[PDB]
Each structure stands twice: as structure tokens, then as C-alpha cells.
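A, B, C and D label the chains in the order they appear, each numbered from 1.
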Amino acid sequence: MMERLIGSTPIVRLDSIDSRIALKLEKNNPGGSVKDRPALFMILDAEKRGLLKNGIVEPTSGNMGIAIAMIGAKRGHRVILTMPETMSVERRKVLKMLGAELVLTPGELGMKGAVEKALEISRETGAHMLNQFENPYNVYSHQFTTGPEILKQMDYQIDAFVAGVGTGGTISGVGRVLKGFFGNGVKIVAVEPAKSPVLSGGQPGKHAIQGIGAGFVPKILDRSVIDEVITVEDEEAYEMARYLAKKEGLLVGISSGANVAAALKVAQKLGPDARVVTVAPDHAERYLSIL
Amino acid sequence: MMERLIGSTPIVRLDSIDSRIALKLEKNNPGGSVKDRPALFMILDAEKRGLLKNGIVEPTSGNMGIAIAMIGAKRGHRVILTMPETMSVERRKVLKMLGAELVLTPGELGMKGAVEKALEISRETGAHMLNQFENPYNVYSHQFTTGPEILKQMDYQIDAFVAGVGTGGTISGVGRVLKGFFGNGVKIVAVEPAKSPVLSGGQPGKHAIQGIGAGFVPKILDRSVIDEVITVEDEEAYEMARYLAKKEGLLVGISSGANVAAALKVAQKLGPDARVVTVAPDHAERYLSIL
Amino acid sequence: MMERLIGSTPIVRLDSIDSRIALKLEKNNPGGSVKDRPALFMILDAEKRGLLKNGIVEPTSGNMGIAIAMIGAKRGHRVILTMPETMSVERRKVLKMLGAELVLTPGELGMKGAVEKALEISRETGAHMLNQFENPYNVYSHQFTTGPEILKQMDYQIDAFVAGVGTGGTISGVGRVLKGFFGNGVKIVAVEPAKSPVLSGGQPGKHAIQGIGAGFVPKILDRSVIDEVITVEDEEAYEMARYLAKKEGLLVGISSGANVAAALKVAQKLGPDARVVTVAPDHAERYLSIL
Amino acid sequence: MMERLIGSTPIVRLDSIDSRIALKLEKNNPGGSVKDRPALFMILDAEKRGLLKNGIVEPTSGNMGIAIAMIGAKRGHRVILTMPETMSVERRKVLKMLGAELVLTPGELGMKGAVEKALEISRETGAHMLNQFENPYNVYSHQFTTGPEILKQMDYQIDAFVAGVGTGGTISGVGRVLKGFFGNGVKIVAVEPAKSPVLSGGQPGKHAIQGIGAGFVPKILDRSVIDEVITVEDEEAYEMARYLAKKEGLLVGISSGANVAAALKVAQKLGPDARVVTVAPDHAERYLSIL
């Protein structure tokens, strides 16, 4: 069921915004986000290695936790999530509907606080941490599914791929495929918040772009495939998410707004025949309380 | 964009519930429900007839309104919805995100109250009412998309198709295709609330199964393709929706719970090799406030 | 296996011939032709009615024989095919590969001799005749699969659908759907050989356009959906089939050249933004010794 | 057109042969073989490097010539193919249909003569040689399309992948993906003729298994992904190809019988629930005079 439903998502051209921008719509996944792919890969790996006797505990900003909970619900794994109290309340409710357990961690501690608590619960319960920031299967999910899909959906002609970095899974897996095919003929652009520009060589900080900018450089981030880093302001991301819904009818989340805002800045630096691709990580109904 | 994204949704087998039941997952549509199909068909028809000079006004229990708003947002139509105040608050928020206008009508007046207000606004603004309860394009959407999809996805072997009646579009369009192919070899079962059993020959009444049981028999309901009517209690529908999320990882709405609860009663009356198909009209995140 | 592989074929636009024409590629079917669809439907229907206990006998000089032989091979039905002995060594070989029993009837004579022999085999062995020219399930296969596919693949915008009539199944089933959706907004154009223009009111004659022009009006032909008839000369058909290979890289059969030759004549009488769709029934490699 | 049609081919399970075997049907490609993928990738790469101004010349006796001719026809590249004059009238015809220029070199001699003639044509005309045995884009086509497809189509569960080596492109690219995902959990099995077992450490010889066993080790063969080599006799291959047609209704070529014959040998050494996947490179109707 899950193996079959996850991936093979559609791409749309954003004609009412900039007709050079194509948005891959990951909300079509059964868990409602891109994170279904890495969750599936990391889980199948841990099962075959015999690591899930006591279930799974994973820190999350929301989406990876929802994906793990969904797959765990179907496959019969106990799932515990830790997540900062600052993530949208919709996340908490979804996790509960999926019968997962949740421990909220302090907002000012961000993703590091969630990781810390997850490490504790893992030791206390014996639940296995998939560790999205270090697990190479996160990258393999995008290397073997997302990247191949994007490559063919764009008819093997792409000038730039633009993606927010959360775990770094998406840009790394997709970037490996695209650099493999295009070499220097394609630009791979990482997106991060202006408020937390760690990839640009700056300081971590509080920001509102849920799902990106963890405040540190993930171990799985494959820097050799990344050409540049662009920053996006919080209000830029929200504005674009809202614009996508009103002008394209696309019910996409905050990080999709950030991706598209950044893709627009990329496309403007290039010619009229530029082909720019980005991802819409999730849907707008996960953000009704704040978007 | 919309023409391309709408439809071609997947089917899953509910092994952790009853392995004779296959659920078509309509939440994969870009508007997050089955209603994307009839909305697209009715809109394309009204455009080609030159009826949308002043936009669209339609009454809704939520999903048809969201679909119309989404397509209107992309195609450039002004969209006004009327909807009972008793429908989930998520509906109202989505309509606003899509830049549609909304007039809430009294809860005790139900769908009839919404229709009445929509007729008023139509006259006042000149906006065109697509009229989901009378428009044959509602039925054609399921006759030309949903039904053909279901027929092939089930490898041309179906013992029963089970669906809630809202507008009656789905059961009518799908039932025409399936009766066309199977004749009396397939049973077509209409689902309604026990609290409002109009199709069984009873009285209209207040119920909690959002999206079904409008309290009257729609004009587009094709009674010649319907074999029986089954009733479902409110708590049955909610319980099943919850069970689908916890045991299958399927984030489906209330009417999906009602469909599956009814499909289970159908399958139990049949043999161990029975093939029963139903629809999951929408997703669970449209119901976080109440489910 | 066959239920899964048959149908859902791609469409392409004929940019090197006329960019207003779109070509549905039925050679992508496992039997290499459009006839996989009606054969499947006729066989599933006959199975369901318990009519296949002593196998299948069918008189056929064309793709229906391959489709039947192929489905019969997988499903475990005995398949006897009657064919005038004038049929190519290419076709005999394929039928024999699929384990059909070939009954060759006296030649110049023709298809009548094959029909007569099939009727006696049916009496002598109990084998069931599907009768492709009379069986409504031929039409339903197109009403329930091909037409729905085309409608959506053309994003619900079609000014004309153009198709050769062999059995009349394709034009009738697709025509029903397209008339249903578009009404008089779509023109349905039947194609036939200039040498055998029976649908135009003329006399049957010998022609070389494989797959079309039986020299009678088939029982299953839905005349109510057909707006006009257009004729194609044998050499128009062969020349266009060759051109499709040469300039589009499309290895299509003789009937495909006929369809596209006709569609070209249709398109030229319409505006610059007209949308014309037609079918490529089979593949070139079935005709290497004559094309 | 070609970017859209190539790849995304179906898999079937060989229930009438051994239900542990799954067969990827590459005949569904517009060129009727697996070689559409590497041809597309090699040509797109060469175009991008501006290497195709005077066209393409390639020495090829098999499906690569068809793929190149077909892509060349649509894209507007001059295609010259060199082939020993010992090649069938069937293949010459198809190549000529696609508008390739056929350069026939002295026979018994063989493929070396064709390579030598291509090298001089390249010098004399400026035409660019893709060199399918050395070009890494042959491997990438499978790494980026075929392997990703197989991984998902098998629901991420594969005990063995079995494939004939022609160029070694298919086994290398798929093998990279499957090794990447499964590690030592998957066995990658290369197939070659008993008459020409060079990968097994033996001597090159003449054989009748079309599409495999070039009688050298191709430069692009990723030996690091191959776990074992298995041999197949010419008559094993032809017999299995015939059986696939007869009992599965699958019109597959000679190399497909070889692959399935090998996969059968593999499956028999494994448990009852083993999952073995293999490829059907091309179709039967390309071999009517010998199969």
C-alpha cells in the first residue's frame, strides 16, 4: 500500500506567476508531503536490519513525523515523535489521528531540542531513531525516486533546480541525479531563511519558514552538488504561499512559498527560455492556524 | 493545469480491516476531494455556453465549493459560495485562502438554506449557479472519469460498488458505467445517514456525516442504477474514519468512514471472494476541529 | 496480466505533419493494436455468461485475431481462427506463436468463406463466436476505456475526432463519450476507402487499406454519433504511414496513415487553433513486406 | 515527443512459467526496445555538447540502430548506420522506414568491419559516433530511468535482478541503483551465451542469441555491481521466447527468452517467496523468420 502510493507526483507550470517556474506537488503523497519518500526508505532499511523490535522514535519539524507515523500505522510499528512546540498545531493533531505518540520540546531549542529528547526516549524505550539528519537512505529516496521523476517530467531540460534545505535530503538526492545528467549545465540552488543563514556562512536564528533551516548543516547535505545558496525572508515565503493559492489554485505550505519565491529570483537572473524547477513540500491545510 | 491534475486517483485494498474492500482515494485531487471532477465538468460546460460573465455562485456542504474556488482561482473566475454554518471551520478557511467569497447560512436550514441564499446572490450579482443537484455534467464527470478508472483499477471484476449520496453524482456516473459492463452481476449500493434516511423512504433530519444526506432526493440521482440503500449511524462513520487512520494510515474524512462502514456491511453479506469497491471523498485534515 | 496492460496508451502531437493533430498510439497495447480492448471486453463478457467452455472461434483477417489469440493464450482459452488462405505469412506466424489454431479457407472468395467455416466449427466443436461486428462489448470497450482516455488526454478540448471504421467499435464508443461531453461542439468523422465507400452511400470494392472498410455497415456502428464521412485513397494511406515513420519516428501501420491522412483533410478545413485527435490502430513492423 | 514516450514501461508476473519471476516489458517503448533509453541519453548529451552538427554515425547490428534512427527522424538528425550485409531484410526495412542511411559492410567478417567503416565515415563527413559500448550515458539512462522504475514497481523488494549483457548498460545502471538500495541483499546476475562465455572467463564464439554476447567485455560494464554470471544455450533462449508467447501471450524477442531462461535457473536456487526481476528487451514480430 505505502510502497505503491508514495512518489510519482505531478509537476505544474506556474504561468500566472512566472511561466519559467515548474512546481513538483508533493502533497499528493498519502502523508501529504515530500517526507513520505525518505520516511519509507529509512523505515524499510531499519526493518531489514532488524532494528525496530521496539518501534521508532524520531525528532521532527512535523512532516517526517507524519510520514513515519502513517507508515508505522500501516506496517504495525509503534511510533514516537518529538517536535518543537512552535510547529503548527495541525501537525500534533495529525500525529494523534495516526495513533503516534508525541512529546513536544521547547520552542527556543528548535530542532536540536527535539533531537535531544528523541535520544532520551530512544534509550528509555529502546525505540530506534532513524536519524533523518545522518541517514543516507534519506538521500537515496530522492536519488532513486524524486530525482528520476523530475528529470523525465522536465523532458531532460532543466536550467536550475531550487530547493529549501531541511534535512538536505531533497537537494542532495535530486542534485546528484541532475549533476549526473547535466554536469555544469544545471545550477543547483539551496534555499534557507534570511533569519537563519547557516549555509551562507551565517548565524542560526528563529524564523517562521516551517520545515526548513534547522540551524545547523546536516551531515547528509551533499555540498558537492550545490552551486549557490539563496535566502528568503519569512514574509516573502508566506506571501508567495498565499499567492500560489489565489492565482494558481495551489493549496501549498509555507516552505513551498519559500521555494517558489527563491525560484522566481533564480529565473529572473536567467533568460526568457530558462527552465527552473522546484518542489512544493506539503499542503496548505497543515497551516490553516497560521497561514 | 486543472484538467491535468484532476482524477486518475489510486485505489487501496483495506487488508487490516477487510481484504475484500477497495478504497479509491480522492484526496489526491488538487482540491483534496472527489468534487474536483464534477466542478471541472460543470465549469467547462458553463464557460463554453458563455454563462460566467459575472462569475459563479454555488451552494455547498464544503467540497464542491473548494473545488469550484480552486478552479476559479486558476481560470480567473469570481467565486461565491454559500455553506451551512455547521460544516467544519476548515472549509471556510480554505475558501478564503483560495480567494473565494463565502456567505454562511443557518445550520437548521441545511443544504436547502444554502441553495436559497445562492439563488439570491445569483440574482443580485448575476453570478451563475452551476447547480450541482440538477446539472447533468456532475453525473458526466463520474461517467467519463471516475467510473472508467474504477472499472480498470479493479481489473474488470467488481461484486459491489458502495457510495454515499450527496448530490448523487458519484453513484449515478459510476453506476451507469458498472451496470453497463456487469449488468445484474454487480450491486450498486447507496449510502445515507440513519438520521436522515430519505432514500430508504424516510424523513429528513440533522446528522453529522458531512458531505452526504442533503435531506432530499437530488434530481440527478439515477435511481435506475441503484440496487439498495444502506444507512450508517453518525458514530459508525466517525469510528471508521478514525480506524482507517490508525490501522491503514489513511487520513480520510468522515464520509469515507461512512462509505467504508457500509462497504463492510455489504462485504459481510457476500462470500469470501467478494470484491467490494468504495470511494474516500476527502482527507482528514479538513476535519481536525471535529474528527 | 492482460486487464492491467491493455489501454491507457499515450497520445502525441504531429508537429512535423500538422501541429493541430494529436495521435493515440494503440501499438503500445501488449497485442500491438487497438483490438486488445474489444477482444478483452468481448471475452470477459463471454466468460461471465459461461459461454467459453469449449473455447473461442472467430473469423478474422486482421488485428482482432491477434488480440483474441493473445488473451486466449494467457487466460487458457482454446482459440480457433478462420482466415482466407490469402493472408500474409507475417500474420499467420504471429497467430501461431500465440498458439491459435489457424483454419485457412479458400482465398479469392474471401471473408465470407471464413465466416461460414467459423459457423460450422462453432456447431461441430461447441466453440463460441464473439462476432466482433455485432457484439456491443466491442463498442463498450471504447465507451469505457478509449473515449475517457482521449477526453482527458486532450484536456477536454477537441474540435474533431477522426477514425477509420473497421468494426465501427472505436468510432461508436469514443463518439458516444465525446458527443456526451461536447454535443455539437465536436465533429465526429468516419474514415473509409475511396475504393469501398459504403458509408458514403457507394459500392463495396477491393482496397489495400488494412483494418478499415469491410464493405458493409457493421451492426454495432452508432450512426447517431457520426457527423460526416471522408474517403482516403489507398496510396494516400500508404504514403502517410511512410511519412509518419520518416518524419515523426512513429512506426505505425497502414490504417494509421489512413487516419492521419483523413485528419489532415479535416484539420485544413478548420481554424489555426483547431484540435483534432485520431487513432493509430497498430504498428509498422506488422507490414514490412508491403509498406 | 520522444522524451515523453520512452521509459515508464510495465512489469508483469510470469504466473504460467514461475510466479517468482517479474518481466519488464521494454517493447512498450516507441522504438519497440529497451535501447530507446540509452539512445535518447547519448543523443541528448551529444546535442548539448554541440557534437551533432553533421549528424550521427553508429555501427550497429541490433536495436540501438532502430532507437537512433527513430530519435534522429523526429529530432531532425541525419543518421548513418553501418551493419555487416549479413543483417536480416526485416531490420534493414525498419531502419529504412525511419529514414536511416544504411551502410552495408562485407559480411562473414562481421561487426569489426562495421566499426571500421563508421570510423572512416566519421572522418569523411564529420558525423559523430555515439559509441554505445563506451559511452557512460548508456549506463546513466538505466541508472536514472530503468533502475528507479524497477525498484518501485517491485515495491522495494527484490532478491535478484537478472539481465543479459549486450552493451552492459542495462545491468550496470539498474545494478547501481539496486546495490545502492539493497547492498548485498540483492543478487545481480549477468547473462551470456554458452557459445560465447567471455564474462565467465571463456572464449568468444558465434551464437544466435540476438542482443547479447558481443564476444568482449564492454568498457561501460560496471563489474563492481555483478555478483554472478550464468550461461544460456541458444535453444534454451529460443524455446523460452516461444513459450512466453504461447503460455503468457507475451510477444517477446530472443533476448527475452534468454533472460527468462536465466531467471528461471536463478529462481530455482532460491526460496518459495523469492522475488526475481528481469527484462524483455524487444518484441517477437522483429524475428518472425527465425523464431
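One rule holds for everything that comes next: a contact is a pair of C-beta atoms (placed from the backbone, for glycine too) under 8 Å apart; a residue touches a chain by one contact, two chains touch by 3 or more.
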Chains in simultaneous contact with chain B and chain C: none
Intercentroid distance (Cα basis), chain D paired with chain A, Å: 37
Chain centre separation in whole Å, for chain B relative to chain A (CA means): 31
Intercentroid distance (Cα basis), chain C paired with chain A, Å: 48
Contacts with two or more other chains, residues of chain D listed in rising order: 4
All pairs of touching chains, each written as two labels joined by a dash: A-B, A-D, B-C, C-D
List of chain C residues in touch with chain B within their complex: 3-4, 7-8, 40-41, 44, 48, 140, 143-145, 147-149, 151-152, 155-156, 177, 180-181, 185
Touching residues on chain B, where the partner in the complex is chain A: 1-2, 4-5, 10, 12-13, 15-16, 25, 28, 30-32, 69-74, 90, 93-94, 97-99, 242, 245-251, 283-286, 288, 291
